[PDB]
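Reading through the structure tokens given below for one structure.
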Amino acid sequence: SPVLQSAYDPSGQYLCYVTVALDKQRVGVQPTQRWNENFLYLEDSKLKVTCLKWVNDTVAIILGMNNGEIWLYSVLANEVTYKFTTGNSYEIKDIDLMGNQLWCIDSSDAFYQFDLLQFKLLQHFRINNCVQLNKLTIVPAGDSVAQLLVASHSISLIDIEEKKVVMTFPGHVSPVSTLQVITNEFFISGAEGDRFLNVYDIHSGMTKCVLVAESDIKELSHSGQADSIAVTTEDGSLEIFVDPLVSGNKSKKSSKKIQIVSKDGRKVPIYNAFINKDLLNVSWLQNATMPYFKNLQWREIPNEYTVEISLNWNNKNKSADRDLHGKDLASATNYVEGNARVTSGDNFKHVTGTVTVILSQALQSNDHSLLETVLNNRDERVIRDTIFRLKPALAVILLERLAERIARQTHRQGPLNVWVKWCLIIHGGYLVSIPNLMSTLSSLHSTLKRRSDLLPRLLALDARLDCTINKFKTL
Amino acid sequence: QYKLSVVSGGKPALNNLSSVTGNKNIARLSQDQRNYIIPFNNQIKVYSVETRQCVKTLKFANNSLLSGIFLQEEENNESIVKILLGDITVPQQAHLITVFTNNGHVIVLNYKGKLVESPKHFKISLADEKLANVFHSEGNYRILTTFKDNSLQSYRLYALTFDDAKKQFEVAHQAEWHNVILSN
Amino acid sequence: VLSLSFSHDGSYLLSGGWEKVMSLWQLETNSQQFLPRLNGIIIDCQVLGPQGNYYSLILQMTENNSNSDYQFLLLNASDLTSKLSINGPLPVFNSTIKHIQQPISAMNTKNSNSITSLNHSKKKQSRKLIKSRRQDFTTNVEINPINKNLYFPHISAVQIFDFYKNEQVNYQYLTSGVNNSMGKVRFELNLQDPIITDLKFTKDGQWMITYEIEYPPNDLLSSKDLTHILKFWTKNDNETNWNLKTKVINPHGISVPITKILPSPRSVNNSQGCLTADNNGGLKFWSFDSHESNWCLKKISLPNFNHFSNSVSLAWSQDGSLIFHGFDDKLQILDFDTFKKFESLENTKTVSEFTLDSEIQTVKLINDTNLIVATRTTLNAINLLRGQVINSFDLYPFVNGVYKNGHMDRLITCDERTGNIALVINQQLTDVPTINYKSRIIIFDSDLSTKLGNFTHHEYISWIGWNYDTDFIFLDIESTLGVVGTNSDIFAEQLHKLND
Amino acid sequence: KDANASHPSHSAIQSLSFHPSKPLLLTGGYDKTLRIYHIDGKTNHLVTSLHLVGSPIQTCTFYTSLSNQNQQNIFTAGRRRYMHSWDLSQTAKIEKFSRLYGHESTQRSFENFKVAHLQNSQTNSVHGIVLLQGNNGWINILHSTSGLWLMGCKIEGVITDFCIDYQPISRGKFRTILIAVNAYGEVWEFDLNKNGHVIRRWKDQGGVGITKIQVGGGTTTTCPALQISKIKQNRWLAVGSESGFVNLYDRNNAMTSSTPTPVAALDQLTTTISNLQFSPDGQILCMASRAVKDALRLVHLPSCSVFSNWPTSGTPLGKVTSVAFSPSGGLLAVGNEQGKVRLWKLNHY
Amino acid sequence: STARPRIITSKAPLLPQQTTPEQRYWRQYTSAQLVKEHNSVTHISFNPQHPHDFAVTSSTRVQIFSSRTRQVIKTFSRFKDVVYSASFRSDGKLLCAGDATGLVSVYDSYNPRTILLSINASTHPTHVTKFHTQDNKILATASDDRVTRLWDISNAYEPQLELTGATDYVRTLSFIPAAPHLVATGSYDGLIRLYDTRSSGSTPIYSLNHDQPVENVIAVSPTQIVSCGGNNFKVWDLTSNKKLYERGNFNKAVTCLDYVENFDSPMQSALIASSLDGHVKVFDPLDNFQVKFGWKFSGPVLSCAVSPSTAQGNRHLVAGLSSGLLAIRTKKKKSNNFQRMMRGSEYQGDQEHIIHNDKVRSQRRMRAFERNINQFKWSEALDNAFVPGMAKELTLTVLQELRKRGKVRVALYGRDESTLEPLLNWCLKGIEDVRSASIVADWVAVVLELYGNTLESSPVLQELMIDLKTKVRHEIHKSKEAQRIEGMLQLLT
RNA sequence: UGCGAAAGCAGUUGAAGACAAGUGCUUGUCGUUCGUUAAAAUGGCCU
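Chains as they are written, first to last, in the authors' numbering: chain A, 3 to 36, 46 to 67, 72 to 262, 269 to 372, 434 to 557; chain B, 9 to 101, 104 to 159, 166 to 200; chain C, 300 to 730, 734 to 788, 818 to 829, 846 to 847; chain D, 239 to 326, 334 to 594; chain E, 2 to 334, 353 to 512.
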């Protein structure tokens with residue numbers, strides 16, 4: 003993780019996170035309920060934030080600092096309003112506050128009570144048997160802050176006004192990470208590197224329950240009357256135990278489990294959820310440090326939820342003004358023609435020594451070699467007697483082949499013209515019989531209509547050629 | 009039952025009834041260079057520059073005052089001469107606009123808000139002649155007015177300011193030219 | 300030169316001609332880098348950022364000699380790319396609207412003005428529209444029905460334009476001309492690009508068919524003959540570039556104007572066919588050869604009428620049985636299966652040949668039941684249950700020579716469930735007509751007897767069509783599309828807003 | 239921990255860059271792919287990648303404008319005829342300066358460039374300029390928000406490198422100077438404020454084949470300014486040859502005398518100097534060579550003496566292809582041919 | 002802005018008989034070579050499995066030709082009298098060959114020296130010897146003994162099952178794709194006989210009449226069989242037992258037949274039929290057997306085959322010709356330091372957050388006339404249009420759109436006799452043709468209306484204009500008569 | 001210019017004013033007004 007520390011404020015609208023940047027730590031606050048470049052850089056590279064706490072009359076947050084100091088920072092003006100000091104120089108292991116009394120466990124194993132409004136180091140002690148210390152919580156004893164809990168690897172409760180340790184519950188093997196007072200009587204410890212949370216009673220001083228988590232625990236937030244516990248599991252997952260304080270019934274598993282995942286399946290790691298009555302507010306780091314949040318409602322979430330985010334993993338860069346491709350949206354397009362079918366408006370499709439035996443063979447088959455040689459024969463008496471000896475249906479197909487040949491070779495038009503003319507002359511009657519004459523003889527119709535369209539320009543140009551030839555021919 | 013109404017408007021109506029001056033554009037980019045204001049023939053649209061869409065329309069048909077000003081259909085000739093961004097009656101409260111039409115009306119409007127039915131409208135009197143241009147450095151504002159007694169017009173140059181009262185506009189004569197063929 | 304404008308430091312100058320390039324001269328070495336093609340002459344250019352980020356420039360679309368077609372441009376400066384292009388609906392009216400002139404050029408051609416000609420021609424237009432009563436400003440508009448996008452055929456190019464978003468969405472060139480390859484300047488300005496005269500959509504939505512006539516440049520051997528072209532275009536409903544699928548040269552043979560086009564009703568080939576109707580009287584019927592993949596003739600009808608009439612209108616029975624083909628002073632009803640007229644075997648005066656008083660401007664059918672004809676003098680309504688005329692109405696009061704032939708077809712259409720719409724146009728005067739205008743719409747029921755609506759418009763109306771959501775849209779002079787139809820929160824505001 | 243560690247490059251690192259205000263790093267190679275890493279010490283993560291298709295990279299520059307302090311750009315360039323300009334949350338705003346105006350015959354490739362501010366002087370408005378090498382002596386200067394051509398300066402011979410150095414004049418006034426090294430050694434110093442006019446020229450003593458000139462000690466294209474009051478004139482000048490030598494001049498005395506003596510002449514490396522960076526406060530010169538493995542040396546200035554105990558024998562360096570120095574935290578970031586950048590902290594800062 | 006429009010080359014409306022698509026592909030099949038043979042070849046059989054080889058019989062000689070080298074490979078020549086049918090197995094391993102003495106031999110193809118299993122059929126000749134396709138080990142042979150047999154090639158002492166009921170000279174048999182147990186047979190008396198073989202087989206399951214003597218039968222589906230004999234052929238739908246189609250557009254009798262499916266073609270399926278006249282004509286059962294293409298090999302033709310659907314190489318079409326001729330038509334198909360220095364170039368952006376290509380993609384190059392009309396030099400556009408080897412379409416294109424720009428006089432001012440003359444030669448050809456007569460009329464009209472006096476002065480332009488005069492008169496004649504025939508035809512309608 | 005078809009058939013080119021040139025005189029021009037249906041300056045298209 004890149005975020006060294008975090009904390010929600012109460013009422014879950016502003017997350018304070020502290021993170022490093024070219025090795026000078028900076029704190030920074032964000033909204034979460036629907046930006047902030049109002050960071051706070053530390054100056055030296057040798058003081059680090061060691062504890063965070065919010066306090067509710073600006074909103075201010077308290078930075079227990081590795082120097083041996085306690086900074087109080089108003090969030091609005093980026094101003095460290097006041098730096099209380101301990102008298103000494105040791106990293107402030109813990110900070111807590113309730114009302115106006117700030118307590119800090121110093122790494123001289125020592126307890127300091129400061130007064131906020133008075134801005135003054137009130138009291139200053141150490142007690143026996145609290146050998147090293149790591150975490151602290153002052154109890155809700157009403158308004159009076161007596162008899163607070165401090166924990167090394169093993170929890171201990173101490174009474175202030177006589178500064179004597181009153182009780183002691185079996186702690187953990189590792190040092191405690193999380194330690195919170197969950198009810199009037201119950202409090203949870205939970206130890207770093209352990210997947211376990213112990214739920215103790217204060218008065219009877221024995222374990223009420225143990226809550227396990229499917230992986231190691233990293234953070235913890237808890238709802239109103241201990242109705243809900245949302246534990247941030249360091250694999251990057253979020254377990255909520257629903258109502259852990261009622262009744269095989271010592272080790273409770275986790276009820277619901279929430280993961281977060283991008284579209285293409287990549288896991289994304291949650292850190293530091295926040296919960297309240299029916300409203301869970303998770304977090305994750307979207308780009309390399311920037312945090313993104315989400316609300317959701319867990320009473321009606323299903324049991325194992327993989328909430329999804331769209332994360333622009335490999336997308337293709339579209340520009341707004343540019344098109345899908347290269348063109349830009351103030352361009353007219355262009356007349357592209359390509360492979361359209363281009364056609365006229367007269368396309369009436371879809372609406434005694436003869437040779438007649440060779441001709442009729444070729445026409446019943448399609449022998450272009452043989453039609454070739456018979457059309458090569460040229461003299462007109464042969465032509466007329468041949469077409470007369472031909473059967474008439476085959477002469478219709480003769481017209482078809484003849485027309486195709488004229489249109490593709492308009493230099494043949496003479497001899498093929500006498501062929502088509504004599505054919506028409508002889509076998510006219512059958513053509514009168516046939517009903518859809520045009521829809522058969524499109525090709526002849528098309529060729530002849532084209533040249534007949536063409537005529538008058540040729541005539542006008544002939545006149546103009548005659549003009550110039552006469553002009554320089556007379557002189 | 010059957011309803012006739014206007015839905016789509018068209019033309020942008022370039023500053024043509026000038027027919028003289030060489031800077032025909034009226035439409036003006038914002039100060040924060042993020043949105044473009046186009047004066048259409050029957051509305052004003054606000055285009056976001058970087059997303060190339062229309063993020064707001066300002067319809068004279070919907071506003072009762074604006075239809076009374078512009079769309080009195082017997083005389084369309086109330087026609088926008090200039091748009092200015094920051095509001096004139098107040099020094100730097104923003105997102106407002108002051109609109110100057112052909113016959114000395116200034117309208118104070120908004121965008122990125124809601125056009126509540128109270129535009130701050132003021133009228134420049136003193137003008138038997140016609141507004142031609144309004145343009146400014148800081149503070150002191152200048153007015154050109156087309157004017158007449166060759167079939168060519170005359171230009172008159174005025175100095176303009178405010179604070180006299182909320183509807184009062186100081187105008188003082190500064191210059192004049194008689195028959196202008198071109199001006200830029 | 301139409302625009303000159305400096306940069307801020309005064310070392311670059313932007314220049315602005317008819318020649319549609321935009322030229323940047325750098326002044327220290329008189330060097331330059333233009334912007335070759337732009338859709339129209341640039342009437343103003345300007346440098347608008349602090350540091351010269353954007354150049355805005357107003358450009359005229361000067362092809363259309365009937366309006367004033369501006370387009371606003373805002374060019375991103377680094378890239379020379381259009382960060383904004385702003386535009387209105389651009390129809391082409393019949394001839395010029397109220398006191399709108401043309402820009403200034405070197406010569407006076409049919410596209411611009413010389414100087415002399417500018418002053419004189421402004422006088423001429425003002426006088427003409429005061430005096431002569433003949434005037435019409437009627438335009439063609441189609442609606443792509445699946446998209447409900449208004450297709451305005453500008454000359455030689457369509458402008459696809461929806462009206463809900465008012466955002467002009469495409470501008471497509473639909474004829475090989477000199478459309479972009481150049482900028483015309485002088486005698487080049489005296490040239491002419493082929494005109495999209497008609498455009499129609501099959502009811503399917505996937506096919507448009509268009510008719511556009513080709514002009515030859517003057518003073519040639521062949522400066523006389525136009526060449527008319529039909530074209531069949533397609534698209535998928537996702538894509539926006541209409542593709543050309545069949546170009547037909549010379550429908551009905553040489554030099555004959557396809558002056559009425561009808562898309563087919565869905566029954567005949569799932570609405571994939573069309574009628575093309577000439578001015579001599581001829582008919583043709585094209586549809587989609589589907590074993591091939593293109594369009595063809597299927598049915599013809601060539602009557603040699605020696606005579607010409609530029610007013611033909613037609614309509615198709617919804618079952619596809621028959622075709623009303625109204626022609627000059629005439630209406631013939633045709634059997635679809637034959638392209639021959641339907642014979643009265645009853646002989647009970649259910650004849651196929653109705654002769655009417657004036658020319659025929661419009662023939663429609665509200666259902667299978669009523670046929671409706673607009674004639675140059677009168678509006679007639681006939682019912683085809685029993686062959687009797689039902690109603691008539693007087694229009695020769697308002698329609699004298701006010702429109703050319705067929706533009707009443709584009710004024711009046713019919714909704715295909717309920718009723719019918721008619722449109723009347725007046726100009727105002729005190730003591734000789736002025737240039738003001740005012741129209742009135744009237745909605746009639748299918749009986750063509752009861753007036754379901756009588757509304758007024760304060761400026762001239764140019765075209766009506768029925769948007770397929772059972773309403774009507776109408777265009778205008780002033781280009782508007784009108785519709786006819788039925818601790819915690821105090822803390823919040825601060826973070827949201829946040846020498847020596 | 240290695241800055242690339244999280245997303246390993248596919249070609250050699252060609253040009254690194256630290257952002258002048260935030261804690262970012264930028265890397266690019268012939269891989270065609272900008273990568274912006276958020277820099278911690280422990281973890282170094284990806285803020286963003288971008289793969290510009292078909293186009294290489296051989297120079298990347300972050301660029302924060304000096305008046306606006308929001309116009310933050312990245313400029314990238316390879317052996318092509320164009321420059322890309324990426325501006326700075335889900336999709337990218339990238340232009341490409343493509344067209345030089347009257348005259349591109351003087352440059353047909355955009356791969357060698359720098360960016361630097363400039364003042365108008367008739368109004369006190371400061372804009373980018375982009376400086377590009379060219380064909381025979383030509384340096385072409387473009388305005389940087391709108392790609393226009395400003396001015397072009399020809400040095401004789403052939404160019405081989407060029408730096409920028411700024412001079413202050415009054416509050417609201419600076420003056421930028423362009424220094425161009427011929428590969429025979431003759432330095433020309435144009436100034437840009439009035440149109441590019443030769444302030445002076447002096448010869449590098451010695452210097453048969455020069456690659457790389459760089460100034461330092463003040464404000465540069467490698468540690469730039471953030472408001473006009475902070476522009477400081479550079480105290481040192483260094484010139485690095487392709488034999489291996491590096492001459493080192495003081496700016497006070499070299500400007501005064503106009504054919505000066507190098508204060509110190511370093512020869513430690515043996516192959517062709519291909520990087521010269523000064524530290525942002527100007528006390529370390531790191532002179533490095535692209536050409537054989539482990540050729541970074543860090544020089545303490547003013548005493549001009551090579552630091553003797555780092556880099557050692559085991560310093561994992563490889564063929565050093567690019568180097569950067571961090572603006573504030575005192576970090577050094579080196580990138581080689583395998584494509585891995587490694588990152589050190591000079592602990593004094 | 003806009004990219005510049007390319008010039009639309011002038012496509013005039015289509016004339017009849019246009020280059021059909023199918024014709025494109027089948028006319029690709031070209032590069033024919035001939036091989037003389039000893040005697041009239043009979044049967045050809047492409048190896049099915051790795052389809053690169055084909056067998057072709059002869060007189061007493063079965064040859065294996067190759068495919069990628071189109072030469073001989075191997076020769077089987079141990080046969081006493083002339084050998085009649087040769088066919089590879091399904092899997093490709095074995096070749097079976099039946100000869101006229103009445104014995105068949107099946108032996109390992111590409112291994113001409115292992116006469117691996119010789120089955121003696123009837124003492125009458127066995128014209129047809131085929132391997133079963135669906136199974137791999139039953140050799141279905143025929144005979145001229147009017148009785149065909151299904152031998153099992155494991156034990157060849159007795160026909161495992163027999164099919165009889167012939168009338169005269171069985172010389173064709175076949176199997177069916179989806180059915181394993183149906184055998185179709187074709188004799189010389191019409192009468193395809195369809196046998197089950199799960200019953201006694203002595204009687205056909207049903208017969209299909211074919212009045213004239215059939216000579217080939219091909220299963221072309223699980224449901225259609227094509228029967229090929231006499232002048233035409235006929236395709237039978239088999240479940241409904243009725244003939245669908247019948248196509249007969251040959252001259253003499255058809256001889257052989259082949260059907261091939263799913264090769265890379267616009268035609269999904271093709272059926273090539275061969276008809277003893279040179280004519281090998283190729284048809285298709287998705288356009289209802291309408292003739293698509295045809296070759297005319299010289300002599301009469303006995304067999305044809307195209308290389309199979311899994312050719313993966315250069316495909317072939319062979320036809321074997323009754324005077325001993327094969328005609329084959331075949332359609333073909353640094354330093355390591357340096358790289359580690361410059362190793363990015365082939366990345367193509369796989370694991371990156373955003374990917375941005377905006378490179379322009381290269382058009383094809385512009386010709387010289389398009390360059391001159393891009394850059395407005397009209398005079399050199401026209402001179403660079405009249406080129407010796409330049410497409411008639413292209414000259415018509417530049418003349419067209421130069422006229423469309425409306426710069427004919429402008430493109431023509433500078434000229435003299437020698438700058439004119441090649442235009443006149445082309446105008447000769449242009450008026451000669453019909454698509455261009457309009458446009459060349461425009462151009463020669465202005466040459467006259469502009470350059471008459473120069474035309475007086477020089478003598479050679481007189482030569483051209485006299486000759487163009489006679490040409491254009493003769494063109495009056497050709498549209499003249501062509502209008503008269505429109506009169507002719509209009510009377511007959 | 002009106003009618004009309006793509007044809008074509010009908011119809012139209014007026015004064016004033018001022019200025020310029022040549023030399024009161026000859027012609028012209030027009031960022032002028034009434035009155036009818038009323039060619040030019042060596043200069044051409046980005047990557």
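Cβ atoms here follow ideal geometry from the backbone N, Cα and C, with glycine treated the same way.
Close beta carbons around residue i, own chain, < 8 Å, minus the five adjacent residues each side
i	result
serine 56 of chain A	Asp25, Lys26
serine 189 of chain A	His168, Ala206, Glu207, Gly208, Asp209
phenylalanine 202 of chain A	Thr152, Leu164, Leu194, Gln195, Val196, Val214, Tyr215, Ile217
Nonlocal neighbours in the same chain, by C-beta distance under 7 Å from residue i, ignoring five residues either side
i	result
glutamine 495 of chain A	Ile488
Cβ neighbour criterion (16 or more within 10 Å) applied to residue i
i	result
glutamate 401 of chain D	exposed
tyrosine 174 of chain B	buried
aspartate 145 of chain E	buried
* Asked: Between the region 445-458 of chain A and the region 555-563 of chain C, do three or more beta carbon pairs fall short of 8 Å?
  -> no
* Asked: Is there contact between the region 575-582 of chain C and the region 345-358 of chain A, where contact requires at least three CB pairs shorter than 8 Å?
  -> no
* Can at least three beta-carbon pairs, one atom from the region 525-535 of chain C and one from the region 498-514 of chain C, be found at a separation below 8 Å? -> yes
* Asked: Do three or more CB pairs link the region 325-336 of chain A to the region 47-61 of chain A at distances below 8 Å?
  -> no
* Asked: For the region 305-323 of chain D, which residues have a CB atom closer than 8 Å to at least one CB atom of chain C, in sequence order?
  -> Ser323
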